[PDB]
Structure formats: structure tokens, C-alpha cells
Amino acid sequence: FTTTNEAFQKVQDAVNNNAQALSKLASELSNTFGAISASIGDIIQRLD
Amino acid sequence: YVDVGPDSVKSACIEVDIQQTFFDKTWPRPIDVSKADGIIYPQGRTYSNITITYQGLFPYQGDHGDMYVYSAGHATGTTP
Amino acid sequence: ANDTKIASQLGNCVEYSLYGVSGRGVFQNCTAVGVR
Amino acid sequence: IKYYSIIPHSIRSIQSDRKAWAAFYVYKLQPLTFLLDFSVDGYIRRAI
């Protein structure tokens, strides 16, 4: 098992692919999607 | 308006001498982005132990910029 | 009031409106990190 | 403000007490995407 070994790298890549899917879902939560703020919260009560 | 106090009453301003050759000294100092020289936070929000890409006013990497150096006035003996 | 203070509701899921920023997050005391 | 002019400063040192003065370098600011590295302190020590 080493960086040179292709088979060991494939095992690491499979774990990385699972990690990438989790990271993307969390990143989408971070995205405003054009909202003024990530959470409406304050504008619901303090504003109209 | 705010008061800056009395303006100087001197009849004549001090004489100024400009010599190009004396000020012709080159010491280039390019901006180092890796050293984070001249860096201002774009949104003024701190981040801890993380790396991100952000858009803000920033100096060009490896920019020598404009160098201005102040110099002592001509003086003879102990009198400026 | 007491509810607004972070120390009173530490360890509890809470809605934060600090500085016009709104979110639902638990507040837990920890070591200082980032620029004060 | 569209224009700035540096003000030259001359120090009236006596000839015996003349001293070297640090040069100051002026760099223009333009909006640029910058990779930013943040430490535990949160100050930026590294960037690209």
C-alpha cells in the first residue's frame, strides 16, 4: 500500500467520493440562493 | 466649520530645491501575496483555520508600486 | 433581557439575531478562535 | 475623489544630524479574487 499503488489509491478515491457527496449537500445549505440572509428569522418579526 | 486655529503668518514660504539625480535611487519591493502584504478583509468577517476564495480590493502580486522617499533638507553646519 | 444573554441559554438550541444576522444554532462556550 | 498627489516632506535636520528616511511604496487597489489562508488566530498569513 503506497501513493504509487493504483489499488490503494482506488480505495481512498471511493471514500473521497462519499465525502464529496456529503460536502456538496452542506455547501448548498450555505448558499444564499438569492436570499438577503441565510435565515429569514429576524425580518419575520423585526421587519414587516 | 471646524476651527483649525490661526494659519501661519510667515511672509515667505521656505525655498524648496528639487534634484532628480539625488532622488534617482531604485529599491523595488514587489507585493508578496504569499506574505499577505497589503491585504484588507473583503467583507470584514474573520475565519478560523480555513481556506476560502473571496473577492475584495487587493494589490497586484509582484507589484513594485510607486516609491517615494523623504529626504533631509539642505543644511550648513548646525543651521538648517 | 435574560433570554437575550448568550450565557443564560448556553448549551441550548437557540435562534440568534445578533447584529442583524438570523439563524437557528446551539450556543456552547468554547476557546476563543478568530479575530476578536 | 478621482486624483491624489503625494505631499513631499523635507526634514530640517542639521548637516551633522542628517539621517536616512524609510521609503514608502504605494500600491493601487483593484477588486481581485484571492485565495485566503486563515490561522486559528484568524489573521491572514498566506494568500494566492
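What follows draws every value from the coordinates through simple rules; no lab data is involved. Cβ coordinates were reconstructed from backbone atoms using ideal geometry, including for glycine residues, and neighbour counts include every protein chain displayed.
Going by alpha carbons, how many degrees (0 to 90, nearest 10) lie between the helix axis of A:6-30 and the longest principal axis of chain A?
Tilt of helix A:6-30: around 0 degrees.
How big is the Kirkwood radius of chain B, worked out from every pair of different alpha carbons and given in Å to one decimal?
Its Kirkwood hydrodynamic radius stands at 18.6 Å.
I'd like the mean, over residues of D:7-15, of how many other protein chain beta carbons sit within 10 Å of each residue's own Cβ.
6
Enumerate the amide H contacts of B:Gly73 below 5 Å, restricted to partners 5 or more residues apart or on another chain; note that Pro and chain-start residues carry no placed amide H.
Sorted by chain and number, the residues that satisfy this are D:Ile11, D:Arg12, D:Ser13.
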